[PDB]
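[1] How does the following fold in three dimensions:
(one chain, ligands or ions: 2)
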Amino acid sequence: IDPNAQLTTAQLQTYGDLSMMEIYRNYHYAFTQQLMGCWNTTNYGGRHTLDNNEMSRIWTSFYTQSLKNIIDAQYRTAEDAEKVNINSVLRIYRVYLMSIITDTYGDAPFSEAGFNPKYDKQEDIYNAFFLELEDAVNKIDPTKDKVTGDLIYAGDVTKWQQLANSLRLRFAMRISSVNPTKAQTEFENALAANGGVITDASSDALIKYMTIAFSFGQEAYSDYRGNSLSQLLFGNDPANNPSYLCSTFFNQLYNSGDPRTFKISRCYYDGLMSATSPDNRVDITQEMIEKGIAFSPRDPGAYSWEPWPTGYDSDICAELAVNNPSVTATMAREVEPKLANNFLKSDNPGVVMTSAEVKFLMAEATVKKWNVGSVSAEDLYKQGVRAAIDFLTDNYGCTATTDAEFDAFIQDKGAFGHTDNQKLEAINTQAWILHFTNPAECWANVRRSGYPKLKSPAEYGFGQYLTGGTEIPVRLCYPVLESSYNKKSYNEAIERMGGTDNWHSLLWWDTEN
Ligand SMILES: OC[C@H]1O[C@@H](O[C@H]2[C@H](O)[C@@H](O)[C@H](O[C@H]3[C@H](O)[C@@H](O)[C@H](O[C@H]4[C@H](O)[C@@H](O)[C@H](O[C@H]5[C@H](O)[C@@H](O)[C@H](O)O[C@@H]5CO)O[C@@H]4CO)O[C@@H]3CO)O[C@@H]2CO)[C@H](O)[C@@H](O)[C@@H]1O
Ligand SMILES: [Mg+2]
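    Residues are numbered from 1 along each chain as shown. Ligands and ions are numbered 1, 2, ... in the order given. Shown next is the protein structure:
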């Protein structure tokens, strides 16, 4: 009933729902070519398997829970002067959750959602995002009702203005190909709105999750207290099918001399690792470097087992073997980079939006000749990269990158370009690294900006397996069951796309493939 508790639940579900996070490991992480090799990632997204049920998870999870609850809470709270803050916060978080739906699937229920709700055109949903965030920002008033269930900003309603105006930046940059004039105007208005935007890391929008032991039992699916994305990236089958990194991502980090290379990824021997927890793994990364062993990250479409890499004999593992000889010294699949333990904790925050992103958005707007302030595009980009690197230090307990290590990176392969194209590539490639823990935003921004320039699994010699088509999908399909619950509205949506629900159909804001 209570709208403040409704907000809590909505925030927890965003990364707490173990059912929903399957979609990100199956599809998003493969489409963005950040992870590859894990059976689920490779089979589904890596090889373009059309599976309606796997594609439906965001739609179902939100319309039956968070978004339904929030819409209700907003409606009960709407026209109350004495409840104007909780109202405005709900409106802002409603917009965010809706942004995930429309960015996955195209046209969708918004205005009439919460008996046979229309599928609002994506254009008009985005129209509503700006209007909603602008009104919410203007209604916030810290003298009125206080917010009690807020796991992002603990009720700091000033920081909600910063988030709202920051989301305005994000959505304005999103529509900057389809509708440049509106994009510019909405971006410049957002900078001038009450509260401003997120100018530094202390106003980062992060959902606070607790430490609960990972469980894949039935009771676990109703428990959103933990970060279930991190739970899943550890794995239901963690020894055989862990989060192996994709070569596009690992090679970007490694070949650019990126300081985060061995903060995001390690090579681990997992023979002695427990199920349930990433404890007792054996880090062989430094050993591999010292001995000159090639890393073998997984090309798009590849499993961990094919191609089966040349390895080496680990002296560390040979040491372990004398005391308990069920350990192999001979490494094979372990030379394949995996996601570092820092990113496999239920502690991990739920990333909504960061100061690092705002910097990249500011840099891009500057490159596009918008009127955004007096700071240079290059400086904005540099601040963005610094913030994205420090994001790991502050939130995932990674090692600090020294001023010297940063300066060496930024003056060489991390450098802002000179050409507009080069600058856009740099900003958006770097933003792609930042968004690793925000898959929803990572896939949207990859599709929108066109960077990094990803190649289809077909180009890596896996065309023979690309069951659902050759090109990397650019959306996910509506759940089949919408055909019977919401037929008229469902059929109208599909008539706009050409009469088929195709996952190669470009979303309205996506102009190029
Ligand atoms: O065969 C070649 C290759 O296989 C590898 O092993 C694979 C195997 O082939 C796959 O079939 C197997 O697939 C499992 C998925 O990994 C796993 O994610 C999924 O988990 C299910 C769970 O079992 C199910 O109960 C759960 O139901 C919940 C619903 O999702 C919720 O909506 C509902 O509210 O609550 C229920 C719970 O009551 O859903 C999850 C998914 O969300 O199960 C799949 C089928 O078993 O994966 C194997 C690897 O893990 C092998 O490793 C290779 O070596 C080999 O060459
Ligand atoms: Mg595109």
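
[2] Go ahead and confirm residue 232 touches residue 21.
    Yes - between residue 232 and residue 21 a contact is recorded at 4.9 Å, counting by CB atoms under 8 Å. Every C-beta, even on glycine, is put in place using the N, C-alpha and C of the backbone.

[3] How much space separates the residue lying farthest from the centre of the chain from residue 329?
    The C-alpha centroid of the chain is most remote from residue 322, which lies 43.1 Å away (CA atoms, centre = their mean). To residue 329, residue 322 is 10 Å away according to CB to CB, to the nearest Å.

[4] Around residue 251, how many other residues sit close by?
    The local packing of residue 251 (other CB atoms under 10 Å) involves 15 other residues.

[5] Relative to ligand 1, which residue of this protein is the closest?
    Closest to ligand 1 within the chain is residue 237: 3.3 Å, counting by CB to the nearest ligand atom.

[6] so when I look at that residue, I'm seeing a strand, right?
    No - looking at residue 237 with DSSP: H, G, I helix; E, B strand; the rest coil, it is coil, so not inside a strand.

[7] Need phi/psi at it.
    Torsion angles at residue 237 (phi, psi; degrees, to the nearest 10) stand at phi -130, psi 60.

[8] and it, how many neighbours does it have?
    Counted with other CB under 10 Å, residues neighbouring residue 237 total 12.

[9] cool, residue 141 as well?
    When neighbours are counted by other CB under 10 Å, residue 141 comes out with 12.

[10] now swap in residue 241 and tell me
    Other residues lying near residue 241 total 18 when counted by other CB under 10 Å.

[11] Next: residue 29.
    Neighbourhood size, residue 29 [other CB under 10 Å]: 30.

[12] Where does it fall, secondary structure wise?
    helix 29-31 (DSSP states H and E).

[13] close to ligand 2, is that helix?
    No - using CB under 5 Å from the ion, helix 29-31 stays clear of ligand 2, coming no nearer than 11.3 Å.

[14] Use 193 as the first number for this chain going forward.
    Taking 193 as the first residue, the last one we looked at is helix 221-223.

[15] Show me what that helix is packed against.
    The contact analysis (3 or more CB pairs under 8 Å, 6 or more residues apart in numbering; DSSP states H and E) places helix 221-223 against helix 631-641.

[16] Give me the contact list for the helix it packs on.
    By CB atoms under 8 Å, 6 or more residues apart in numbering, the residues outside helix 631-641 that reach it are 216, 220-221, 223-224, 226, 292, 295-296, 362, 365-366, 368-369, 421, 543, 545, 549, 556, 616, 620, 623-624, 627-628, 644, 646, 666, 699, 701-702.

[17] Go again with 7 Å.
    216, 220-221, 223-224, 292, 295, 366, 616, 620, 623-624, 627-628, 666, 701-702 (CB atoms under 7 Å, 6 or more residues apart in numbering).

[18] Please name the nearest non-neighbouring residue to the residue of the stretch 243-392 of the chain at minimum distance from ligand 2.
    Ligand 2 sits closest to residue 369 of the stretch 243-392 of the chain, with a gap of 8.4 Å, by CB to the ion. The spatial neighbour of residue 369 that comes closest, neighbours along the chain excluded (CB to CB, 6 or more residues apart in numbering), is residue 703 at 4.1 Å.

[19] Kindly report the same for residue 442.
    In space, and not counting its chain neighbours, residue 442 is closest to residue 489: 4.0 Å by CB to CB, 6+ apart.

[20] Provide the secondary structure category for the spatially closest residue to residue 622 that is not a sequence neighbour.
    Among residues not flanking residue 622 along the chain, residue 577 sits closest, at 5.5 Å (CB to CB, 6+ apart). Using three-state DSSP, the secondary structure recorded for residue 577 is helix.
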